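Enquirer: After the structure tokens below, expect a handful of questions from me.
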Amino acid sequence: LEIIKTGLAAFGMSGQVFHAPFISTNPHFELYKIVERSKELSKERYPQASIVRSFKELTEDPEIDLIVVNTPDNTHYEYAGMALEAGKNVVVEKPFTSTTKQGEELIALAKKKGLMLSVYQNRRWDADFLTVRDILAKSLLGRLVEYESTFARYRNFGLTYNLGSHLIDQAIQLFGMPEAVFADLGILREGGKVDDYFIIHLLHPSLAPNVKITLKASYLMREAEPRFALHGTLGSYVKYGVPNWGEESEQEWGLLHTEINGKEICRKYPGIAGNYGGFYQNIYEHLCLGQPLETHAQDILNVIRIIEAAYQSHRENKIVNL
Amino acid sequence: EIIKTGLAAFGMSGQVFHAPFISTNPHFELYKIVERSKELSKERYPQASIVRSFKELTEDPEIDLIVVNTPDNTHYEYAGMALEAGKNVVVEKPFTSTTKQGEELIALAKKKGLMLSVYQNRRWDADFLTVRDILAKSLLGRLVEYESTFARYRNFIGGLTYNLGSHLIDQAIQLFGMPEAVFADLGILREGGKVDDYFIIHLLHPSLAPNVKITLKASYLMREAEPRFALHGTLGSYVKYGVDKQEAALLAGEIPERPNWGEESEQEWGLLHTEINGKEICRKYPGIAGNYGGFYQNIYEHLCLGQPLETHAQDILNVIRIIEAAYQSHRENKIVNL
Ligand SMILES: [Mg+2]
């Protein structure tokens, strides 16, 4: 009900694309202060923001309700820590912290002080994932029985950490944490030193324990597997991959093949647009209206636990129970 | 020169998979057909002799080969009777009710110097034959991944892992050998279902290619079908949809003799996306025709020309070992090491 005065820690790509346009347009937030080291780039589009020269200046201002930590990766633990100690709610960009221990510390500190600690991941707000969420919300496939998600690439010259994070994040958000993890990893390309292939099964996710989950990525898929393939009792949705913050061109549309009002339909499906402002609207609804936050920092720790369970599964040739 | 053949039953399997090929192959005579009460074979095979019992096949001194395609419970007894009587034998799946019975039959046939084959016809599906061709020609470069799936959609109502998984596992073993370990996850995804109607199986480190990633899958709830095959290599990929058309044509009563038998259209062919002499190509791959007659042609080449038998009964025992490991992996929530 009171406007969330927001300090933005950096005005590089991420500040200009992921953060400032939505803090600005959202009427429940004020783009109040922006850190720029020497430049005044933000003046042109955001003339009512005040430019400060240092991060500490955001933490020392009692008017600030929220600090967005989108500075370089190495600064994240220190900066989020400074902001929380100063009594500010915090958004940190992925990667949240350099260690799990650090992440646990910050969550505990936020809990102690009654503050929000959110982790920003732009892919949560992309057209493709939101379209999948919407298909599920509307039960277009009937009762869902299978979910598959693959990052297909073709490149010669670790994947489970780099692309697995996004896939695991999205699966946990839709279906909850699994009882167990199977993973098989590969180094498929000659001369490779880190995994360039994985397949992961999340066994019995808490919200939908009967749904079969497959997460995959590979650098040797010259013909791509689907970015999403979903199967239900009434139908299927299959989507192939190419920020993704608007609508999608026809070439990118998924195929929806299902039963609607008792009639079989099989058509390319435009889906719904990306909604990068959704991140901030959810923060508003959480802080002001007490609604569930979709981006709690504990999510990231949960993804890391799954990533580690996947590497353990492969290394030990075992199903890892959680 | 000519293999005199007795067919143990003229039910569906008899009319679809066996009689049309034993008949059209010039190296076989469809000599005798067991029909216990009917005379259904007279219309299409009027030169065959109808007998009323299985014993009339095994006691026939002029029969070289007996095809055991009777109801499932007889198969051990019937194959044993045929072997003891000195005949070469084909058994349909299920080979035997137990593994011990199967091992017994294999040893008996070996002792007597008799052929014991198990009918596994999907080795001659158009799609799989085409896969063998692509691999033979190294079109994908070095293969790194093999996915094989039977996608079905039937949202209403022994398991799928036995019924369809047997075919997929057999194919995978033929190409890549036996795995070191098995992971499987099975499901009953349909309301009211009594047996598994979904499986995913990983055959981990197959002997002949231990770095190739293997996924075998089937489901009765895939309204939009996943590929029948998706193979990936260093240079490219091959992706195929659909199923072999032979069984439908044979069920309709089409005679398999003709030049275009087992052929697929350009639409049915798989997509090959790879590098051929330096250049990227992406096009439908003119495939190998489906050839269920190849099962019998192989039997002839084995018995008459001393060539290797492709379909040893031991192959199905190997397949069953994998199936049992898949069931154990699912039931016990563990990777099963062989
Ligand atoms: Mg205020």
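Chain lettering (A, B, ...) mirrors the order of the structure tokens, residue numbering begins at 1 for each chain separately, and ligand numbering begins at 1 in order of display.
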Which residues, written as JSON, numbers by chain, have at least one atom at most 10 Å from residue 227 in chain A, with only C-alpha atoms counted and residues fewer than 4 positions away on the same chain left out?

Expert: {"A": [128, 129, 148, 149, 150, 151, 152, 167, 215, 216, 217, 238, 239, 240, 241, 242, 254]}

Enquirer: With a distance cut-off of 12 Å and only C-alpha atoms, select the neighbouring residues of range 9-13 of chain A, excluding the residue or stretch itself and same-chain residues fewer than 3 positions from it, and output the selection as a ChimeraX atom specification.

Expert: /A:6,16-21,31-43,45-46,49,51-59,66-73,75-76,79-80,83,90-93,243

Enquirer: Enumerate as a list in words the residues within 12 Å of ligand 1, counting only C-alpha atoms and all ligand atoms.

Expert: residues 1, 2, 3, 4, 5, 6, 28, 29, 30, 32, 61, 62, 63, 64, 65, 66 and 88 of chain A

Enquirer: Between A:144, A:208, A:297, A:188, which residue has the minimum interatomic distance to residue 229 in chain A, considering only C-alpha atoms?

Expert: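 Looking only at the distances to residue 229 in chain A, the closest residue turns out to be A:144.
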
Enquirer: DSSP on the backbone: what in range 12-170 of chain A comes out helix (DSSP H, G or I), as a ChimeraX atom specification?

Expert: /A:13-25,41-43,56-59,73-85,100-112,122-125,127-137,159-162,164-170

Enquirer: Report the residues of range 235-318 of chain B whose backbone DSSP state falls under strand (DSSP E), written as a list in words.

Expert: residues 237, 238, 239, 240, 271, 272, 273, 274, 275, 276, 279, 280, 281, 282, 283 and 284 of chain B

Enquirer: Write the residues you've just listed into a file as a compact mmCIF listing (two decimals), in the first residue's frame, and include N, CA, C and O atoms for each of them.

Expert:
```txt
# COMPACT_ATOMS: atom_id res chain seq x y z
N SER B 237 22.61 -36.03 -36.77
CA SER B 237 21.50 -36.71 -36.14
C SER B 237 20.57 -37.34 -37.16
O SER B 237 20.50 -36.90 -38.31
N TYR B 238 19.86 -38.37 -36.72
CA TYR B 238 18.81 -39.01 -37.49
C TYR B 238 17.59 -39.15 -36.59
O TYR B 238 17.69 -39.66 -35.47
N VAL B 239 16.43 -38.71 -37.10
CA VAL B 239 15.18 -38.72 -36.35
C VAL B 239 14.05 -39.30 -37.21
O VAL B 239 13.76 -38.78 -38.29
N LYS B 240 13.39 -40.33 -36.70
CA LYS B 240 12.36 -41.05 -37.43
C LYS B 240 11.07 -41.14 -36.60
O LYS B 240 11.12 -41.37 -35.40
N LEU B 271 14.47 -38.11 -40.96
CA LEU B 271 15.25 -36.95 -41.32
C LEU B 271 16.73 -37.15 -40.96
O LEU B 271 17.08 -37.41 -39.80
N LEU B 272 17.59 -36.99 -41.95
CA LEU B 272 19.03 -37.05 -41.69
C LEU B 272 19.60 -35.64 -41.74
O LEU B 272 19.47 -34.94 -42.75
N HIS B 273 20.24 -35.23 -40.66
CA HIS B 273 20.82 -33.90 -40.56
C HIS B 273 22.26 -34.10 -40.14
O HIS B 273 22.52 -34.36 -38.98
N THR B 274 23.18 -34.01 -41.10
CA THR B 274 24.58 -34.34 -40.84
C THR B 274 25.50 -33.61 -41.82
O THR B 274 25.03 -32.82 -42.64
N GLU B 275 26.80 -33.85 -41.69
CA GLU B 275 27.78 -33.31 -42.60
C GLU B 275 28.21 -34.43 -43.56
O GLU B 275 28.70 -35.47 -43.11
N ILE B 276 27.97 -34.23 -44.85
CA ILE B 276 28.44 -35.16 -45.89
C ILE B 276 29.46 -34.46 -46.80
O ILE B 276 29.16 -33.42 -47.39
N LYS B 279 29.97 -30.62 -46.26
CA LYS B 279 28.76 -29.80 -46.38
C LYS B 279 27.63 -30.29 -45.48
O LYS B 279 27.39 -31.50 -45.37
N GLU B 280 26.91 -29.35 -44.88
CA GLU B 280 25.74 -29.65 -44.06
C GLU B 280 24.56 -30.00 -44.95
O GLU B 280 24.21 -29.26 -45.87
N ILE B 281 23.94 -31.16 -44.68
CA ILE B 281 22.74 -31.58 -45.40
C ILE B 281 21.63 -31.88 -44.41
O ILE B 281 21.88 -32.27 -43.27
N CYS B 282 20.39 -31.69 -44.85
CA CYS B 282 19.23 -31.92 -44.01
C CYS B 282 18.09 -32.35 -44.92
O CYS B 282 17.46 -31.52 -45.57
N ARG B 283 17.84 -33.65 -44.96
CA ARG B 283 16.85 -34.18 -45.85
C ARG B 283 16.34 -35.53 -45.44
O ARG B 283 16.93 -36.17 -44.64
N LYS B 284 15.21 -35.93 -45.99
CA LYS B 284 14.68 -37.26 -45.77
C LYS B 284 15.65 -38.31 -46.31
O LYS B 284 16.24 -38.14 -47.38
```

Enquirer: Restrict the distance test to only C-alpha atoms, flag each residue of chain A within 8 Å of chain B, and return the flagged residues as a ChimeraX atom specification.

Expert: /A:145,186,188-189,210,220-223,231-238,257-258,317-319

Enquirer: Just the residues within 10 Å of range 254-261 of chain B, please, counting only C-alpha atoms, with nothing from its chain fewer than 5 positions along; format it as a PyMOL selection string.

Expert: chain B and resi 16+20-21+23-25+245-249+289-293

Enquirer: For the residues in the current selection, export N, CA and C atoms as an mmCIF file, in the first residue's frame.

Expert:
```cif
data_model
loop_
_atom_site.group_PDB
_atom_site.id
_atom_site.type_symbol
_atom_site.label_atom_id
_atom_site.label_comp_id
_atom_site.auth_asym_id
_atom_site.auth_seq_id
_atom_site.Cartn_x
_atom_site.Cartn_y
_atom_site.Cartn_z
ATOM 1 N N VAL B 16 -0.536 -64.101 -40.183
ATOM 2 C CA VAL B 16 0.075 -62.778 -40.407
ATOM 3 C C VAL B 16 1.584 -62.876 -40.621
ATOM 4 N N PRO B 20 2.329 -66.429 -44.696
ATOM 5 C CA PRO B 20 2.622 -65.645 -45.900
ATOM 6 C C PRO B 20 4.074 -65.703 -46.393
ATOM 7 N N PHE B 21 5.027 -65.897 -45.478
ATOM 8 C CA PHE B 21 6.457 -65.936 -45.814
ATOM 9 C C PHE B 21 7.020 -67.338 -46.082
ATOM 10 N N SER B 23 5.265 -69.628 -47.304
ATOM 11 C CA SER B 23 4.650 -69.844 -48.615
ATOM 12 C C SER B 23 5.395 -69.174 -49.775
ATOM 13 N N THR B 24 5.693 -67.881 -49.657
ATOM 14 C CA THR B 24 6.291 -67.149 -50.783
ATOM 15 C C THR B 24 7.788 -67.397 -50.950
ATOM 16 N N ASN B 25 8.465 -67.766 -49.867
ATOM 17 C CA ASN B 25 9.887 -68.087 -49.962
ATOM 18 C C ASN B 25 10.020 -69.418 -50.705
ATOM 19 N N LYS B 245 4.905 -50.676 -41.443
ATOM 20 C CA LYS B 245 3.581 -50.844 -42.043
ATOM 21 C C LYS B 245 3.270 -52.292 -42.438
ATOM 22 N N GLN B 246 4.240 -53.193 -42.274
ATOM 23 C CA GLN B 246 4.076 -54.590 -42.718
ATOM 24 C C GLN B 246 2.957 -55.330 -42.018
ATOM 25 N N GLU B 247 2.867 -55.195 -40.690
ATOM 26 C CA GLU B 247 1.886 -55.955 -39.917
ATOM 27 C C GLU B 247 0.443 -55.599 -40.301
ATOM 28 N N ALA B 248 0.180 -54.313 -40.523
ATOM 29 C CA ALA B 248 -1.131 -53.877 -41.022
ATOM 30 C C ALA B 248 -1.460 -54.457 -42.410
ATOM 31 N N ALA B 249 -0.487 -54.441 -43.319
ATOM 32 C CA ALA B 249 -0.697 -54.976 -44.663
ATOM 33 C C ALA B 249 -0.948 -56.471 -44.596
ATOM 34 N N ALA B 289 13.814 -51.031 -47.042
ATOM 35 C CA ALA B 289 12.466 -51.613 -46.954
ATOM 36 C C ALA B 289 12.344 -52.578 -45.777
ATOM 37 N N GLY B 290 11.179 -52.585 -45.145
ATOM 38 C CA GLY B 290 10.895 -53.573 -44.110
ATOM 39 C C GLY B 290 10.874 -54.961 -44.720
ATOM 40 N N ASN B 291 11.338 -55.960 -43.971
ATOM 41 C CA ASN B 291 11.584 -57.276 -44.567
ATOM 42 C C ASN B 291 11.358 -58.427 -43.599
ATOM 43 N N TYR B 292 10.117 -58.643 -43.163
ATOM 44 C CA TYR B 292 9.816 -59.769 -42.263
ATOM 45 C C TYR B 292 10.131 -61.155 -42.877
ATOM 46 N N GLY B 293 10.169 -61.221 -44.208
ATOM 47 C CA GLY B 293 10.614 -62.433 -44.905
ATOM 48 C C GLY B 293 12.062 -62.780 -44.618
#
```

Enquirer: Write out as a ChimeraX atom specification each polymer residue whose atoms come within 8 Å of range 295-307 of chain B, counting only C-alpha atoms; drop sequence neighbours fewer than 2 positions from it.

Expert: /B:1,3,21-22,25,27-28,115,119,121,124,292-293,309-310

Enquirer: Can I get the selection written as a PDB file, in the first residue's frame, with N, CA, C and O atoms?

Expert:
```pdb
ATOM      1  N   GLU B   1      17.722 -78.834 -50.128  1.00  0.00           N
ATOM      2  CA  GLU B   1      17.281 -77.785 -51.098  1.00  0.00           C
ATOM      3  C   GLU B   1      16.008 -77.052 -50.630  1.00  0.00           C
ATOM      4  O   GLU B   1      15.998 -75.819 -50.541  1.00  0.00           O
ATOM      5  N   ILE B   3      13.161 -76.723 -47.531  1.00  0.00           N
ATOM      6  CA  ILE B   3      12.844 -76.983 -46.126  1.00  0.00           C
ATOM      7  C   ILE B   3      11.345 -77.251 -45.967  1.00  0.00           C
ATOM      8  O   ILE B   3      10.520 -76.354 -46.169  1.00  0.00           O
ATOM      9  N   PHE B  21       5.027 -65.897 -45.478  1.00  0.00           N
ATOM     10  CA  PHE B  21       6.457 -65.936 -45.814  1.00  0.00           C
ATOM     11  C   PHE B  21       7.020 -67.338 -46.082  1.00  0.00           C
ATOM     12  O   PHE B  21       7.801 -67.520 -47.015  1.00  0.00           O
ATOM     13  N   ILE B  22       6.623 -68.316 -45.276  1.00  0.00           N
ATOM     14  CA  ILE B  22       6.966 -69.716 -45.550  1.00  0.00           C
ATOM     15  C   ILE B  22       6.469 -70.090 -46.959  1.00  0.00           C
ATOM     16  O   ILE B  22       7.190 -70.738 -47.717  1.00  0.00           O
ATOM     17  N   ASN B  25       8.465 -67.766 -49.867  1.00  0.00           N
ATOM     18  CA  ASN B  25       9.887 -68.087 -49.962  1.00  0.00           C
ATOM     19  C   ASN B  25      10.020 -69.418 -50.705  1.00  0.00           C
ATOM     20  O   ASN B  25       9.429 -70.423 -50.288  1.00  0.00           O
ATOM     21  N   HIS B  27      12.477 -71.392 -50.910  1.00  0.00           N
ATOM     22  CA  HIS B  27      13.327 -72.372 -50.236  1.00  0.00           C
ATOM     23  C   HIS B  27      12.587 -73.131 -49.143  1.00  0.00           C
ATOM     24  O   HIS B  27      13.171 -73.977 -48.461  1.00  0.00           O
ATOM     25  N   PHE B  28      11.306 -72.818 -48.968  1.00  0.00           N
ATOM     26  CA  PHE B  28      10.480 -73.494 -47.975  1.00  0.00           C
ATOM     27  C   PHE B  28       9.261 -74.058 -48.660  1.00  0.00           C
ATOM     28  O   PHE B  28       8.770 -73.483 -49.628  1.00  0.00           O
ATOM     29  N   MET B 115      18.682 -76.704 -34.835  1.00  0.00           N
ATOM     30  CA  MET B 115      18.446 -75.255 -34.730  1.00  0.00           C
ATOM     31  C   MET B 115      17.299 -74.969 -33.754  1.00  0.00           C
ATOM     32  O   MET B 115      16.241 -75.599 -33.826  1.00  0.00           O
ATOM     33  N   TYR B 119      11.401 -66.287 -32.660  1.00  0.00           N
ATOM     34  CA  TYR B 119      10.902 -65.293 -33.615  1.00  0.00           C
ATOM     35  C   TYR B 119      10.910 -63.877 -33.028  1.00  0.00           C
ATOM     36  O   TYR B 119      10.107 -63.552 -32.152  1.00  0.00           O
ATOM     37  N   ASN B 121      10.743 -60.487 -34.945  1.00  0.00           N
ATOM     38  CA  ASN B 121      10.648 -59.918 -36.281  1.00  0.00           C
ATOM     39  C   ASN B 121      10.977 -58.440 -36.446  1.00  0.00           C
ATOM     40  O   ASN B 121      11.217 -57.986 -37.570  1.00  0.00           O
ATOM     41  N   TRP B 124      13.620 -56.746 -38.470  1.00  0.00           N
ATOM     42  CA  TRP B 124      13.416 -56.464 -39.896  1.00  0.00           C
ATOM     43  C   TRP B 124      12.344 -55.401 -40.144  1.00  0.00           C
ATOM     44  O   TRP B 124      11.787 -55.322 -41.232  1.00  0.00           O
ATOM     45  N   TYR B 292      10.117 -58.643 -43.163  1.00  0.00           N
ATOM     46  CA  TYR B 292       9.816 -59.769 -42.263  1.00  0.00           C
ATOM     47  C   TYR B 292      10.131 -61.155 -42.877  1.00  0.00           C
ATOM     48  O   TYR B 292      10.322 -62.150 -42.151  1.00  0.00           O
ATOM     49  N   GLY B 293      10.169 -61.221 -44.208  1.00  0.00           N
ATOM     50  CA  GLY B 293      10.614 -62.433 -44.905  1.00  0.00           C
ATOM     51  C   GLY B 293      12.062 -62.780 -44.618  1.00  0.00           C
ATOM     52  O   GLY B 293      12.460 -63.941 -44.746  1.00  0.00           O
ATOM     53  N   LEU B 309      23.046 -68.108 -37.671  1.00  0.00           N
ATOM     54  CA  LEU B 309      21.661 -67.837 -37.320  1.00  0.00           C
ATOM     55  C   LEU B 309      21.618 -66.506 -36.578  1.00  0.00           C
ATOM     56  O   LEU B 309      22.419 -66.274 -35.676  1.00  0.00           O
ATOM     57  N   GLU B 310      20.706 -65.621 -36.972  1.00  0.00           N
ATOM     58  CA  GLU B 310      20.600 -64.305 -36.316  1.00  0.00           C
ATOM     59  C   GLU B 310      19.783 -64.368 -35.026  1.00  0.00           C
ATOM     60  O   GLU B 310      20.007 -63.584 -34.108  1.00  0.00           O
TER      61      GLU B 310
END
```

Enquirer: Counting only C-alpha atoms, which of A:116, A:185, A:265, A:288 gets nearest to residue 164 in chain A?

Expert: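 Smallest distance to residue 164 in chain A is found for A:185.
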
Enquirer: State, in Å with one decimal place, the distance from CA of residue 80 in chain B to CA of residue 49 in chain B.

Expert: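 Between CA of residue 80 in chain B and CA of residue 49 in chain B the gap works out to 23.0 Å.
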
Enquirer: Env of residue 83 in chain B: 10 Å cut, atoms = only C-alpha atoms, seq-sep filter 2 positions within chain, self excluded. Answer as a ChimeraX atom specification.

Expert: /B:58,65-66,78-81,85-89,105-106,108-109,112-116

Enquirer: What is the distance between CA of residue 181 in chain A and CA of residue 213 in chain A, in Å to one decimal?

Expert: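 The value is 10.4 Å.
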